[PDB]
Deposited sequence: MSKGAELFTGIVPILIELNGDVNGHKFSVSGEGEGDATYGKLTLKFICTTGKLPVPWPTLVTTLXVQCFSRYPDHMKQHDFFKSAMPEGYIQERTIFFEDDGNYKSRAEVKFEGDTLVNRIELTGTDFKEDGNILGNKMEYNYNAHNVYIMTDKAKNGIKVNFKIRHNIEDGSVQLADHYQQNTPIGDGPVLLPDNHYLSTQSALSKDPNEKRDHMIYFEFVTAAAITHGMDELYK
């Protein structure tokens, strides 16, 4: 039945499941929401299901479904992420926090029934006990970023690079350098893109009636040439 970008023409439910271990602190996060790739929008709510998150919510934003990007008409032949569905893709990252520790993640993003599911394993290491991460000095907010994409022909996939700017409580900015690769899970045809980028913007919020450690997350993402 439906395949590739066909799976994204309406509103699609989303489920995110993360198991993390950072500097030995183990934790899990579950998210649910929906995505609307026609407008490049999604909304998610995340709960730390193991109690208190041991790292700031903003550090996990990138780890916690780029298949919901709006690709303008002229760029449809360059949308790798939807082309891999429903069987999906593996997304692996290494993330370095400036003057501090690193995250390493591996995720499978694929359809399970009618839901787009992102299941992730993450390990963090080398963090300073009173750095911005373990010391909880990051502002609860997020900025706009460009996500650069190119074909990785040997893996029949893509390589992705960008840097996140995290606002720190003292008015400084800490960079988190991201290195990412995506490879299809299935063996069917996928679209291997010309070099381009995703213009990504987000906002983090809270439900003042929710008592659990949580994050309400809004994202707007559109692909663009160059």
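In this chain the deposited sequence has gaps in the coordinates at 65, 228-236, listed in sequence order.
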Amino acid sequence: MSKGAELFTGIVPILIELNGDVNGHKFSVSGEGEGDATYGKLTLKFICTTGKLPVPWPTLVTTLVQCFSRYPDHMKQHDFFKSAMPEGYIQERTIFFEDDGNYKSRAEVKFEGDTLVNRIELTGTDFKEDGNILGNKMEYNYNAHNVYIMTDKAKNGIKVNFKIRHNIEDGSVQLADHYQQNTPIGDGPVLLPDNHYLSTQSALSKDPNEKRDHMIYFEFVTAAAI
From here on, numbers count along this sequence of modelled residues.
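In this crystal structure, the stretch out of 55-63 and 179-187 whose C-alpha atoms carry the higher mean B factor is 179-187. Stretches 46-54 and 32-40 differ in mean CA B factor, with 46-54 having the higher one.
Per the deposited record, the Cα B-factor of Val109 falls in the lowest third when ranked against the other modelled residues of its chain. Annotation for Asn209: C-alpha temperature factor in the highest third relative to the rest of the modelled chain, per the entry.
Sort the chain's modelled residues by C-alpha temperature factor and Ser202 lands in the lowest third, per the entry. Sort the chain's modelled residues by C-alpha temperature factor and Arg93 lands in the lowest third, per the entry. In the deposited entry, the Cα temperature factor of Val221 sits in the bottom third of values across the chain's modelled residues.
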